[PDB]
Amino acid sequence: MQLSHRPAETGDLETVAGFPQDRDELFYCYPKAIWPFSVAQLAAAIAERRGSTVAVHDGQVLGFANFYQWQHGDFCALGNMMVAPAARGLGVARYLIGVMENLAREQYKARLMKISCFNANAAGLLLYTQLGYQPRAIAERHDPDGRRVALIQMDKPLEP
């Protein structure tokens, strides 16, 4: 997995917007989105966020991430994290988290990275644990069917 990264570009939107495969995945990816996902919804998210980045392998955009919160000298929080179905389990999310941690450190002088993960996302919970994130709190959210879900709020220190 040769991976590279760069800021997201308008030409990447269609591909990235195709990453969520069903309403639940979209909810995890982007809770305020409405199924079906679209390039316009993705572009609106990008405009409201910071650090929108794609991961590329063999000429293909395989992952997307950004920050939904950023506080200089303090912390950043992972926003959207989306990975192409064919590329899941291959280190794309791991790679992107590392890139976002560096950008938190460098651009925002962050001491902490926050990651929230919905309870159904076992693969996320397990990966973030492997990367040294620790659970701090559990919040209640509601899914698109109005069912109660648990949001596991995790964090990790970042040094200078």
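The term rigid core refers to the most C-alpha atoms you can superpose between the two forms while keeping them within 1.5 Å. Throughout, we count residues from 1 along the sequence that is shown.
Trainee: Given a rigid core fit, name the stretch, 4-12 or 151-159, whose C-alphas are on average farther from the form shown here in 8 other deposited structures of this protein.
Mentor: Of 4-12 and 151-159, the stretch deviating more in 8 other deposited structures of this protein is 151-159.
Trainee: Can you tell me which stretch has the higher mean Cα B-factor, 114-122 or 26-34?
Mentor: According to the PDB entry, the answer is 26-34.
Trainee: Comparing average C-alpha B factors as deposited, tell me which of 59-67 and 46-54 sits higher.
Mentor: On average, C-alpha B-factors are higher across 46-54.
Trainee: Within this chain, which third does the Cα B-factor at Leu127 fall in: lowest, middle or highest?
Mentor: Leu127: CA B-factor falls in the middle third of its chain.
Trainee: Report the third (lowest, middle or highest) to which the CA temperature factor of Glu14 belongs, ranking only the modelled residues of the same chain.
Mentor: For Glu14, whose C-alpha B-factor we compare with every modelled residue in the chain, the answer is the highest third.
Trainee: Where does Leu78 sit by CA temperature factor within its chain: lowest, middle or highest third?
Mentor: Bottom third by C-alpha B-factor.
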